[PDB]
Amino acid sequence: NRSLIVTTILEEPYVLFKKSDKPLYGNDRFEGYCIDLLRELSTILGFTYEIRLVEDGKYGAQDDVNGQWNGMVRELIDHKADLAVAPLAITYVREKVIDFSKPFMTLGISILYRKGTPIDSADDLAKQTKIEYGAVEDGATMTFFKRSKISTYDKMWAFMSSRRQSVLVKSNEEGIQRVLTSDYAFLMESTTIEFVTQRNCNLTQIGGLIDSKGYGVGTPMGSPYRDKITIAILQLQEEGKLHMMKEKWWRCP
């Protein structure tokens, strides 16, 4: 009978606080693609839930000196949440410590920048320093760069790391703002870029996808919900409901 605890994070258009003059409470506070997803999962699998924003405001990465995780990943490891329903990338290092459903969305890292310039790829950024570039701190993009042995991406990480106090940000919204107000390119997931460039006609994706990954629902390692949620996602996909949800939340001359 117990309601599942669902950790999440604010990220447009996946999870947002509803706009209202009327003060809102509990789950009624939230809306977005991942909220619609959670509701559909709850009806298919027959559970109730309580949404809680991850307290540290992080997606999750491992501390390279003490070995501890943070963010939603740590919430799951510690059994403080039953599910993480968010744009949470399924990654090699995370799958070793938590479980994930199969993906509800597929994406890759790409670049958000202003229009009208000769920059066309990550290699173009890597070879210069006048245009600064960075990523969300303690997320999957940062971790990809931090771990990569690929020359272009390892050069980019050395720059990000050197300039971390300025170029690593706490949210995608902070990264967008840096693009809009300084000479800065943001390494951003492509699904989110698609949302942002439809609303900011002076911004564009630069190049293609650097990698390929999916977003999945996170569970603690060994949870029986993991496979059940995979099957429900696959149902939702085939019925057309994921595509409908994407259209709803994603909607220039």
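For every residue, the number given is its place in the sequence shown, counted from 1.
Student: Which class describes the count of deposited residues lacking coordinates between residue 2 and residue 3: none, 1 to 3, 4 to 9, or 10 or more?
Tutor: Gap size class: none, per the record.
Student: On mean Cα temperature factor in this entry, is 167-175 or 98-106 the higher one?
Tutor: Mean B over CA atoms: larger for 167-175.
Student: Name the higher of the two by mean Cα B-factor in the PDB entry, 41-49 versus 215-223.
Tutor: The deposited B-factors put 41-49 ahead on the C-alpha mean.
Student: Out of 134, 116, 139, 87, which residue has the highest Cα temperature factor in the PDB record?
Tutor: Comparing C-alpha B-factors across 134, 116, 139, 87, the maximum falls on 116.
Student: Using the entry's values, work out which of 193, 201, 187, 61 has the largest Cα B factor.
Tutor: Spelled out: the listed residue with the top C-alpha B-factor is 201.
Student: Considering only modelled residues of the same chain, in which third does the CA B-factor of residue 230 rank: lowest, middle or highest?
Tutor: Lowest third of the chain for residue 230's C-alpha B-factor.
Student: Consider only the C-alpha atoms of the modelled residues in this chain, order them by B-factor as the entry records it, and name the third containing residue 83: lowest, middle or highest.
Tutor: It belongs to the lowest third of the chain when residues are ordered by C-alpha B-factor.
Student: Tell me, lowest, middle or highest third: where does the Cα B factor of residue 143 rank within its chain?
Tutor: Residue 143: CA B-factor falls in the lowest third of its chain.
Student: Taking the values exactly as deposited, rank residue 209 by C-alpha B-factor within its chain and report the matching third: lowest, middle or highest.
Tutor: It falls in the middle third of the chain.
Student: Considering every modelled residue of the chain and its Cα B-factor in the PDB entry, is residue 24 in the lowest, middle or highest third?
Tutor: Its C-alpha B-factor, which the entry lists for residue 24, ranks in the highest third among residues of this chain.
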